[PDB]
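Some notes on the structure that comes next.
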Amino acid sequence: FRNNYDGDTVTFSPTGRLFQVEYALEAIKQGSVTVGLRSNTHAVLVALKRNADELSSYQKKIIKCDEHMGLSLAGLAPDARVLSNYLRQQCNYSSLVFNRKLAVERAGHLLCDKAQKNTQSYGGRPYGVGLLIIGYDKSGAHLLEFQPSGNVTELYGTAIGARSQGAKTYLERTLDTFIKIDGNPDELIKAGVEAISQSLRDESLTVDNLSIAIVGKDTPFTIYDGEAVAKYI
Amino acid sequence: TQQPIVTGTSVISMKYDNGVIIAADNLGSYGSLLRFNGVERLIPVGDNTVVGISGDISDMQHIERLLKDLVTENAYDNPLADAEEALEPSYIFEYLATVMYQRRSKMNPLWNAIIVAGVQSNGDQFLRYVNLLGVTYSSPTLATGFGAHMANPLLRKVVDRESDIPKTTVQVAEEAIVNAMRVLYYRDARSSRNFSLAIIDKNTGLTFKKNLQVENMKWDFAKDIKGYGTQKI
(Lines give C-alpha, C1' and ligand atoms only; values in the text may rest on other atoms or scores of the structure.)
Protein backbone atom coordinates (compact mmCIF):
# COMPACT_ATOMS: atom_id res chain seq x y z
CA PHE A 1 0.00 0.00 0.00
CA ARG A 2 1.11 3.66 0.53
CA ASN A 3 4.83 2.72 0.65
CA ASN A 4 4.53 1.89 -3.09
CA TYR A 5 2.57 4.89 -4.32
CA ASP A 6 4.15 7.66 -2.19
CA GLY A 7 7.51 7.73 -3.92
CA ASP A 8 6.79 10.88 -5.94
CA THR A 9 4.26 13.46 -7.12
CA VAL A 10 3.85 11.85 -10.48
CA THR A 11 2.03 8.84 -9.05
CA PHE A 12 -1.65 8.54 -8.24
CA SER A 13 -2.69 6.05 -5.56
CA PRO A 14 -5.43 3.54 -6.40
CA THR A 15 -7.88 5.82 -4.59
CA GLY A 16 -6.90 8.89 -6.66
CA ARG A 17 -4.69 10.45 -4.02
CA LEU A 18 -1.37 12.22 -4.40
CA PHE A 19 0.60 11.28 -1.37
CA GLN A 20 3.59 13.53 -1.84
CA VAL A 21 1.21 16.45 -1.99
CA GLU A 22 -0.61 15.07 1.09
CA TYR A 23 2.68 14.65 2.92
CA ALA A 24 3.46 18.24 1.92
CA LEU A 25 0.25 19.40 3.54
CA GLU A 26 1.43 17.82 6.79
CA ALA A 27 4.45 20.07 7.26
CA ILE A 28 1.90 22.88 7.41
CA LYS A 29 -0.05 21.28 10.27
CA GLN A 30 3.37 20.99 12.00
CA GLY A 31 3.97 24.74 11.71
CA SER A 32 3.02 27.47 14.17
CA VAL A 33 -0.36 29.11 14.00
CA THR A 34 -1.48 32.15 12.09
CA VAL A 35 -4.84 33.75 11.49
CA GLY A 36 -6.35 36.02 8.92
CA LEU A 37 -9.67 37.83 9.04
CA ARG A 38 -11.00 40.75 7.02
CA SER A 39 -13.75 43.27 7.51
CA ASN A 40 -14.95 45.26 4.49
CA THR A 41 -12.15 47.89 4.97
CA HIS A 42 -9.07 46.11 6.39
CA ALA A 43 -7.51 42.68 6.43
CA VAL A 44 -5.33 41.57 9.30
CA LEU A 45 -2.89 38.83 9.87
CA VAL A 46 -1.93 37.67 13.30
CA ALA A 47 0.54 34.87 13.47
CA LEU A 48 2.23 33.19 16.39
CA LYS A 49 5.98 33.19 15.84
CA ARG A 50 7.92 30.11 16.99
CA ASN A 51 11.35 30.18 18.63
CA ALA A 52 13.74 27.17 18.75
CA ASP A 53 15.24 27.79 22.22
CA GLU A 54 14.74 30.43 24.89
CA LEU A 55 18.02 31.65 23.42
CA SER A 56 16.68 32.33 19.89
CA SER A 57 14.55 34.53 17.63
CA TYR A 58 10.91 33.75 16.71
CA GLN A 59 10.87 32.79 13.00
CA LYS A 60 9.36 35.65 10.98
CA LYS A 61 6.09 34.49 9.46
CA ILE A 62 4.72 37.48 7.60
CA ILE A 63 6.03 38.90 4.33
CA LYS A 64 5.10 42.07 2.50
CA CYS A 65 4.70 41.44 -1.18
CA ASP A 66 3.68 44.94 -2.34
CA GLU A 67 2.33 48.07 -0.69
CA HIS A 68 -1.08 46.47 -1.12
CA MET A 69 -0.46 42.77 -0.46
CA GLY A 70 1.22 40.46 1.97
CA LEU A 71 1.04 37.05 3.56
CA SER A 72 1.73 35.00 6.69
CA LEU A 73 3.41 31.62 6.24
CA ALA A 74 2.93 28.28 7.89
CA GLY A 75 5.43 25.52 7.32
CA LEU A 76 8.67 25.30 5.38
CA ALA A 77 10.03 28.86 5.38
CA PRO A 78 12.29 28.48 2.32
CA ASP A 79 9.32 27.52 0.25
CA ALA A 80 7.65 30.59 1.67
CA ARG A 81 10.50 32.75 0.45
CA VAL A 82 10.39 31.19 -3.03
CA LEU A 83 6.66 31.81 -3.19
CA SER A 84 6.50 35.31 -1.76
CA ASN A 85 9.40 36.24 -4.02
CA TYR A 86 7.25 35.06 -6.91
CA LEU A 87 4.35 37.09 -5.56
CA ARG A 88 6.67 40.09 -5.34
CA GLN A 89 7.70 39.72 -8.99
CA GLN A 90 4.15 39.40 -10.34
CA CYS A 91 3.11 42.50 -8.34
CA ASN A 92 6.09 44.35 -9.76
CA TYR A 93 5.25 43.34 -13.31
CA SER A 94 1.69 44.66 -13.05
CA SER A 95 2.88 48.00 -11.72
CA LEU A 96 5.66 48.33 -14.32
CA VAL A 97 3.93 47.04 -17.42
CA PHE A 98 0.37 48.18 -16.74
CA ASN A 99 0.66 50.67 -13.89
CA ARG A 100 -1.97 48.50 -12.16
CA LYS A 101 -2.00 47.17 -8.66
CA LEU A 102 -2.27 43.43 -8.90
CA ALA A 103 -5.63 41.94 -8.03
CA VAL A 104 -5.45 39.66 -4.99
CA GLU A 105 -7.77 37.36 -6.87
CA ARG A 106 -5.17 37.23 -9.63
CA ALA A 107 -2.28 36.90 -7.22
CA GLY A 108 -4.19 33.90 -5.94
CA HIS A 109 -4.66 32.44 -9.38
CA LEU A 110 -0.94 32.83 -10.00
CA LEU A 111 0.17 31.09 -6.83
CA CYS A 112 -2.06 28.11 -7.49
CA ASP A 113 -0.58 27.73 -11.00
CA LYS A 114 2.97 27.85 -9.67
CA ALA A 115 2.51 25.17 -7.01
CA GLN A 116 0.62 22.89 -9.40
CA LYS A 117 3.71 22.48 -11.58
CA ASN A 118 5.50 20.81 -8.68
CA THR A 119 2.52 18.40 -8.31
CA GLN A 120 2.49 16.81 -11.79
CA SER A 121 6.22 17.03 -12.62
CA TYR A 122 8.95 14.41 -12.08
CA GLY A 123 11.80 14.93 -9.61
CA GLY A 124 10.01 18.09 -8.46
CA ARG A 125 8.51 18.49 -5.04
CA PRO A 126 5.34 20.16 -3.79
CA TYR A 127 5.84 23.23 -1.74
CA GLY A 128 5.65 22.65 1.95
CA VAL A 129 3.98 25.68 3.32
CA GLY A 130 0.53 27.11 3.48
CA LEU A 131 -0.07 30.82 3.03
CA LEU A 132 -2.56 33.36 4.29
CA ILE A 133 -2.74 36.29 1.91
CA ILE A 134 -4.39 39.60 2.56
CA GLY A 135 -4.69 42.72 0.50
CA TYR A 136 -6.69 45.80 -0.40
CA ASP A 137 -7.39 46.68 -4.00
CA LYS A 138 -9.87 48.16 -6.46
CA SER A 139 -12.59 45.94 -4.95
CA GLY A 140 -12.00 46.21 -1.21
CA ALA A 141 -10.30 43.95 1.32
CA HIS A 142 -9.29 40.35 0.75
CA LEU A 143 -7.90 37.30 2.51
CA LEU A 144 -6.77 34.24 0.60
CA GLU A 145 -5.66 30.86 1.88
CA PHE A 146 -3.10 28.92 -0.18
CA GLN A 147 -2.30 25.19 0.12
CA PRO A 148 0.59 23.25 -1.58
CA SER A 149 -2.02 21.09 -3.27
CA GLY A 150 -2.51 24.15 -5.40
CA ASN A 151 -5.89 25.01 -3.85
CA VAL A 152 -6.51 28.71 -3.04
CA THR A 153 -9.63 30.00 -1.34
CA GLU A 154 -10.87 33.47 -0.43
CA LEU A 155 -12.47 33.69 3.01
CA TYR A 156 -13.74 36.27 5.48
CA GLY A 157 -11.10 34.82 7.74
CA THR A 158 -9.37 31.61 8.68
CA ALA A 159 -6.34 30.15 10.40
CA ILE A 160 -3.65 27.59 9.64
CA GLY A 161 -0.85 25.79 11.44
CA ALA A 162 -0.93 23.58 14.53
CA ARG A 163 -4.24 23.80 16.46
CA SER A 164 -5.56 26.14 13.76
CA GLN A 165 -8.92 24.53 14.19
CA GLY A 166 -9.43 26.49 17.38
CA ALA A 167 -9.38 29.89 15.75
CA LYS A 168 -10.99 28.60 12.56
CA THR A 169 -14.11 27.64 14.58
CA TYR A 170 -13.90 30.83 16.69
CA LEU A 171 -14.02 33.04 13.61
CA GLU A 172 -16.78 30.80 12.13
CA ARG A 173 -18.95 32.07 14.98
CA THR A 174 -17.36 35.54 15.38
CA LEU A 175 -18.12 36.24 11.69
CA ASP A 176 -21.29 38.36 11.91
CA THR A 177 -19.30 40.51 14.35
CA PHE A 178 -15.84 41.15 12.79
CA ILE A 179 -17.01 41.49 9.20
CA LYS A 180 -18.68 44.67 10.47
CA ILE A 181 -15.56 46.15 12.06
CA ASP A 182 -15.34 48.88 9.42
CA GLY A 183 -13.10 51.90 9.97
CA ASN A 184 -11.58 50.61 13.17
CA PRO A 185 -8.19 48.94 12.62
CA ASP A 186 -7.23 48.13 16.24
CA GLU A 187 -10.51 46.21 16.78
CA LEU A 188 -10.02 43.83 13.85
CA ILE A 189 -6.56 43.27 15.13
CA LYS A 190 -8.05 42.51 18.56
CA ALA A 191 -10.54 40.15 16.91
CA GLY A 192 -7.54 38.58 15.22
CA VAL A 193 -5.65 38.22 18.51
CA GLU A 194 -8.67 36.68 20.25
CA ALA A 195 -9.02 34.25 17.35
CA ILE A 196 -5.33 33.42 17.49
CA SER A 197 -5.60 32.77 21.18
CA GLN A 198 -8.20 30.05 20.45
CA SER A 199 -5.44 27.77 19.10
CA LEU A 200 -3.05 28.17 22.03
CA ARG A 201 -1.88 25.69 24.74
CA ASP A 202 1.85 26.45 25.29
CA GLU A 203 1.94 29.83 27.03
CA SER A 204 0.15 33.17 26.51
CA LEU A 205 1.05 35.19 23.36
CA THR A 206 3.85 37.65 24.20
CA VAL A 207 6.11 40.33 22.71
CA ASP A 208 8.64 38.04 21.06
CA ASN A 209 5.76 35.67 20.38
CA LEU A 210 3.28 37.74 18.38
CA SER A 211 3.28 39.01 14.78
CA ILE A 212 0.46 41.10 13.23
CA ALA A 213 0.11 42.71 9.82
CA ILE A 214 -2.52 45.02 8.49
CA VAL A 215 -3.58 46.33 5.11
CA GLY A 216 -6.60 48.50 4.22
CA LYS A 217 -8.31 51.52 2.62
CA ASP A 218 -5.84 54.21 3.70
CA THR A 219 -3.38 51.82 5.28
CA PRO A 220 -0.37 50.36 3.44
CA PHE A 221 0.60 46.76 4.31
CA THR A 222 2.48 47.32 7.51
CA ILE A 223 4.25 44.87 9.76
CA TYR A 224 3.94 45.20 13.50
CA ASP A 225 6.33 43.11 15.60
CA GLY A 226 7.11 43.02 19.32
CA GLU A 227 7.41 46.44 20.95
CA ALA A 228 4.37 47.58 18.93
CA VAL A 229 1.92 44.65 19.46
CA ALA A 230 2.01 45.18 23.24
CA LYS A 231 -1.31 47.01 23.22
CA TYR A 232 -3.00 44.02 21.52
CA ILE A 233 -2.56 41.26 24.13
CA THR B 1 15.53 47.87 -39.06
CA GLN B 2 12.48 48.86 -41.08
CA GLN B 3 10.90 51.48 -43.28
CA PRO B 4 7.20 52.25 -43.18
CA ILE B 5 5.22 51.45 -46.28
CA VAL B 6 1.44 52.03 -46.13
CA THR B 7 0.94 54.97 -43.75
CA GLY B 8 -1.61 57.08 -41.98
CA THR B 9 -1.21 60.74 -41.13
CA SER B 10 -1.94 62.92 -38.07
CA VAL B 11 -4.11 62.11 -35.07
CA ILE B 12 -5.26 65.08 -33.09
CA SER B 13 -6.70 65.32 -29.65
CA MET B 14 -7.48 67.57 -26.74
CA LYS B 15 -9.10 67.13 -23.39
CA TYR B 16 -12.01 69.23 -22.12
CA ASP B 17 -13.87 69.85 -18.81
CA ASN B 18 -15.49 66.41 -18.66
CA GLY B 19 -13.70 64.28 -21.26
CA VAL B 20 -11.44 64.12 -24.28
CA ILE B 21 -11.83 64.14 -28.06
CA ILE B 22 -9.58 62.59 -30.65
CA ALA B 23 -9.67 62.28 -34.39
CA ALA B 24 -7.83 60.98 -37.40
CA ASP B 25 -8.59 60.58 -41.04
CA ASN B 26 -9.38 57.47 -42.97
CA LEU B 27 -6.44 57.30 -45.34
CA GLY B 28 -3.70 54.76 -45.87
CA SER B 29 -1.12 56.40 -48.10
CA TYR B 30 1.53 54.48 -50.06
CA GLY B 31 4.12 57.18 -50.48
CA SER B 32 2.52 59.82 -52.67
CA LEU B 33 -0.30 57.45 -53.74
CA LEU B 34 -3.39 58.01 -51.66
CA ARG B 35 -4.06 54.26 -51.81
CA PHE B 36 -6.67 53.22 -49.26
CA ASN B 37 -9.67 55.33 -48.48
CA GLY B 38 -11.45 53.41 -45.72
CA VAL B 39 -8.95 53.00 -42.93
CA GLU B 40 -10.15 53.53 -39.41
CA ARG B 41 -7.24 54.59 -37.33
CA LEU B 42 -9.10 55.37 -34.12
CA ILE B 43 -9.22 52.19 -31.97
CA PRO B 44 -11.86 51.95 -29.22
CA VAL B 45 -10.80 49.79 -26.30
CA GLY B 46 -13.73 48.96 -24.10
CA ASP B 47 -15.94 51.83 -23.10
CA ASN B 48 -13.50 54.39 -21.74
CA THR B 49 -10.65 54.59 -24.19
CA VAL B 50 -9.75 55.25 -27.76
CA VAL B 51 -6.26 54.90 -29.06
CA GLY B 52 -5.40 56.77 -32.22
CA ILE B 53 -2.46 55.56 -34.24
CA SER B 54 -0.38 57.07 -37.09
CA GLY B 55 2.57 55.58 -38.85
CA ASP B 56 2.92 52.29 -40.61
CA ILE B 57 -0.48 50.66 -41.00
CA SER B 58 0.70 47.02 -40.87
CA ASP B 59 2.14 47.79 -37.41
CA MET B 60 -1.09 49.58 -36.46
CA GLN B 61 -3.08 46.52 -37.50
CA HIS B 62 -0.68 44.57 -35.31
CA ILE B 63 -1.40 46.89 -32.43
CA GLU B 64 -5.13 46.38 -33.05
CA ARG B 65 -4.57 42.67 -32.51
CA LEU B 66 -2.50 43.30 -29.40
CA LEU B 67 -5.34 45.41 -28.02
CA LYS B 68 -8.11 42.86 -28.60
CA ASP B 69 -5.94 40.22 -26.92
CA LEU B 70 -5.32 42.58 -24.01
CA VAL B 71 -9.09 42.75 -23.61
CA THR B 72 -9.71 39.01 -24.03
CA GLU B 73 -7.08 38.15 -21.45
CA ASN B 74 -8.36 40.66 -18.85
CA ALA B 75 -11.76 38.95 -18.88
CA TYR B 76 -10.09 35.70 -17.95
CA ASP B 77 -10.79 34.58 -14.38
CA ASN B 78 -11.77 38.15 -13.78
CA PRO B 79 -15.28 38.33 -12.30
CA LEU B 80 -14.96 42.15 -12.40
CA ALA B 81 -13.93 42.34 -16.09
CA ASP B 82 -16.92 44.53 -16.99
CA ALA B 83 -16.48 46.72 -13.91
CA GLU B 84 -13.90 47.43 -11.14
CA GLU B 85 -11.15 45.48 -12.91
CA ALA B 86 -11.88 46.68 -16.41
CA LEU B 87 -9.10 48.07 -18.59
CA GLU B 88 -8.37 51.65 -17.73
CA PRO B 89 -6.84 54.06 -20.24
CA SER B 90 -3.68 54.24 -18.14
CA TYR B 91 -3.30 50.47 -18.19
CA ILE B 92 -3.63 50.37 -21.96
CA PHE B 93 -1.22 53.18 -22.39
CA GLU B 94 1.48 51.90 -20.10
CA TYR B 95 1.25 48.58 -21.86
CA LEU B 96 1.68 50.16 -25.30
CA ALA B 97 4.40 52.49 -23.99
CA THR B 98 6.24 49.48 -22.71
CA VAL B 99 6.05 47.65 -26.01
CA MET B 100 7.22 50.63 -28.08
CA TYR B 101 10.34 51.16 -25.97
CA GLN B 102 11.09 47.47 -26.01
CA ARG B 103 10.80 47.26 -29.79
CA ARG B 104 12.99 50.35 -30.20
CA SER B 105 15.56 48.89 -27.84
CA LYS B 106 15.64 45.74 -29.97
CA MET B 107 16.12 47.89 -33.05
CA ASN B 108 12.90 46.68 -34.59
CA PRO B 109 10.39 49.42 -33.80
CA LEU B 110 6.70 49.59 -34.43
CA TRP B 111 6.73 52.58 -36.78
CA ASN B 112 3.97 54.53 -35.16
CA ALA B 113 3.06 57.48 -33.06
CA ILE B 114 0.15 56.78 -30.71
CA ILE B 115 -2.19 58.81 -28.58
CA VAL B 116 -4.30 57.14 -25.98
CA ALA B 117 -7.27 59.19 -24.99
CA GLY B 118 -9.80 58.25 -22.44
CA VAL B 119 -11.26 58.79 -19.00
CA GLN B 120 -10.40 56.93 -15.82
CA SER B 121 -12.65 55.07 -13.36
CA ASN B 122 -12.65 58.06 -11.03
CA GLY B 123 -13.51 60.51 -13.82
CA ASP B 124 -10.12 61.98 -14.74
CA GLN B 125 -9.42 62.66 -18.39
CA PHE B 126 -6.46 60.80 -19.77
CA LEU B 127 -4.50 61.84 -22.82
CA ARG B 128 -0.96 60.73 -23.52
CA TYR B 129 1.41 59.93 -26.39
CA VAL B 130 4.08 57.34 -27.07
CA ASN B 131 5.95 56.66 -30.33
CA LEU B 132 8.41 54.39 -32.10
CA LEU B 133 11.19 55.41 -29.74
CA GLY B 134 9.29 55.02 -26.54
CA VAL B 135 9.09 58.73 -25.93
CA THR B 136 5.99 59.61 -24.00
CA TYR B 137 4.43 62.87 -22.83
CA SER B 138 1.07 64.42 -21.98
CA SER B 139 -0.67 67.78 -22.60
CA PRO B 140 -4.19 69.31 -22.77
CA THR B 141 -3.77 68.94 -26.51
CA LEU B 142 -1.75 66.40 -28.44
CA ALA B 143 -1.26 65.60 -32.09
CA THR B 144 1.11 63.62 -34.31
CA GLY B 145 2.66 64.42 -37.68
CA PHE B 146 1.48 67.66 -39.29
CA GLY B 147 -1.11 67.97 -36.57
CA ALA B 148 1.67 68.75 -34.17
CA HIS B 149 2.64 71.66 -36.31
CA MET B 150 -0.73 72.94 -37.39
CA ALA B 151 -3.34 71.53 -34.99
CA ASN B 152 -1.51 72.11 -31.73
CA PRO B 153 -1.28 75.89 -32.22
CA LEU B 154 -4.98 76.00 -32.89
CA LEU B 155 -6.15 73.55 -30.24
CA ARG B 156 -3.95 75.38 -27.72
CA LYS B 157 -5.65 78.74 -28.29
CA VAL B 158 -8.62 77.12 -26.54
CA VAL B 159 -6.72 75.20 -23.86
CA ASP B 160 -3.37 76.87 -23.28
CA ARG B 161 -2.83 75.35 -19.82
CA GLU B 162 -4.50 72.94 -17.33
CA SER B 163 -6.79 75.56 -15.77
CA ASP B 164 -8.53 76.06 -19.10
CA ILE B 165 -9.78 72.48 -19.29
CA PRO B 166 -12.60 72.91 -16.80
CA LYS B 167 -13.74 76.02 -18.71
CA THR B 168 -13.95 74.29 -22.09
CA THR B 169 -17.14 72.65 -23.49
CA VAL B 170 -17.59 69.62 -25.72
CA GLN B 171 -19.08 71.91 -28.29
CA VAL B 172 -16.12 74.28 -28.16
CA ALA B 173 -13.70 71.39 -28.25
CA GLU B 174 -15.32 69.42 -31.02
CA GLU B 175 -15.55 72.60 -33.08
CA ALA B 176 -11.82 73.15 -32.64
CA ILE B 177 -11.05 69.56 -33.54
CA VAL B 178 -13.03 69.76 -36.77
CA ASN B 179 -11.43 73.04 -37.82
CA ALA B 180 -7.92 71.68 -37.20
CA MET B 181 -8.96 68.76 -39.28
CA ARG B 182 -10.03 71.07 -42.04
CA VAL B 183 -6.78 72.99 -41.87
CA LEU B 184 -4.79 69.79 -42.22
CA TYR B 185 -6.73 68.86 -45.33
CA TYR B 186 -5.68 72.15 -46.88
CA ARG B 187 -2.01 72.00 -46.05
CA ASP B 188 -1.19 68.28 -45.67
CA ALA B 189 -0.75 66.64 -49.04
CA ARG B 190 -1.30 63.29 -47.35
CA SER B 191 -4.59 64.09 -45.66
CA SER B 192 -7.97 63.03 -46.81
CA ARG B 193 -11.29 64.66 -46.46
CA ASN B 194 -12.99 61.75 -44.71
CA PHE B 195 -12.26 61.22 -41.03
CA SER B 196 -13.33 59.71 -37.68
CA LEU B 197 -13.92 61.56 -34.41
CA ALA B 198 -14.51 60.23 -30.97
CA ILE B 199 -15.37 61.77 -27.65
CA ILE B 200 -15.05 60.12 -24.32
CA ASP B 201 -17.11 62.00 -21.74
CA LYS B 202 -17.33 61.18 -18.04
CA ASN B 203 -21.12 61.21 -18.35
CA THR B 204 -22.19 60.35 -21.93
CA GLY B 205 -19.43 57.74 -22.03
CA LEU B 206 -17.89 56.92 -25.40
CA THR B 207 -19.31 58.49 -28.53
CA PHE B 208 -17.59 57.40 -31.70
CA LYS B 209 -18.57 59.13 -34.94
CA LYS B 210 -17.75 57.59 -38.29
CA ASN B 211 -17.83 59.15 -41.76
CA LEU B 212 -17.36 62.83 -40.98
CA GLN B 213 -16.21 65.23 -43.73
CA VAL B 214 -14.41 68.57 -43.90
CA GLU B 215 -17.00 71.19 -44.86
CA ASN B 216 -17.29 75.02 -44.94
CA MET B 217 -14.39 75.17 -47.34
CA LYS B 218 -12.98 78.43 -48.58
CA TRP B 219 -11.66 77.89 -52.11
CA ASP B 220 -13.62 80.65 -53.89
CA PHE B 221 -10.74 83.12 -53.55
CA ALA B 222 -8.64 80.97 -55.94
CA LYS B 223 -10.27 82.73 -58.94
CA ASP B 224 -8.49 86.07 -58.49
CA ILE B 225 -5.03 84.51 -58.77
CA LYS B 226 -3.24 84.37 -62.09
CA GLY B 227 0.47 83.95 -62.73
CA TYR B 228 3.18 84.21 -60.12
CA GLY B 229 3.94 87.91 -60.09
CA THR B 230 3.94 90.04 -63.22
CA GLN B 231 1.22 88.20 -65.20
CA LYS B 232 -1.98 90.31 -65.63
CA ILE B 233 -4.58 87.76 -66.86
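Just so we're on the same page: letters track the sequence lines, and every chain starts at 1.
Looking at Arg38(A) and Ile179(A), their side chains come closer than 4.5 Å, going by heavy atoms from C-beta outward.
Only the side chain of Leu70(B) comes within less than 4.5 Å of a heavy atom of chain A; its backbone N, CA, C and O stay farther away.
Of the inter-residue distances, the one linking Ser32(A) atom OG with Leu48(A) atom CG reads 4.0 Å to the nearest 0.5 angstrom. Residue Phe93(B) holds its CZ atom at 15.0 Å from CG of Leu87(B), rounded to the nearest 0.5 Å. Going from atom OH of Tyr5(A) over to atom CG of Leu18(A) covers 14.0 Å, rounded to the nearest 0.5 Å.
Side-chain atoms of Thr41(A) come within 3.5 Å of backbone atoms of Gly183(A) as a donor-acceptor pair (strictly under, hydrogens ignored).
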Scan the chain A/chain B interface and emit each donor-acceptor pair under 3.5 angstrom with its distance.
from      : atom 1 : to       : atom 2 : distance (Å)
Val97(A)  : O      : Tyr95(B) : N      : 3.3
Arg100(A) : NE     : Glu85(B) : OE1    : 3.4
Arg100(A) : NH1    : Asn74(B) : OD1    : 2.8
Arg100(A) : NH2    : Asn74(B) : OD1    : 2.9
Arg100(A) : NH2    : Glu85(B) : O      : 3.0
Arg100(A) : NH2    : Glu85(B) : OE1    : 3.1
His109(A) : NE2    : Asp77(B) : O      : 3.4
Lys138(A) : NZ     : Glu84(B) : O      : 3.4

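Both tests hold for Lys114(A) against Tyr86(A): distance to the six-membered ring centre under 6.0 Å, angle to the ring axis within 45°.
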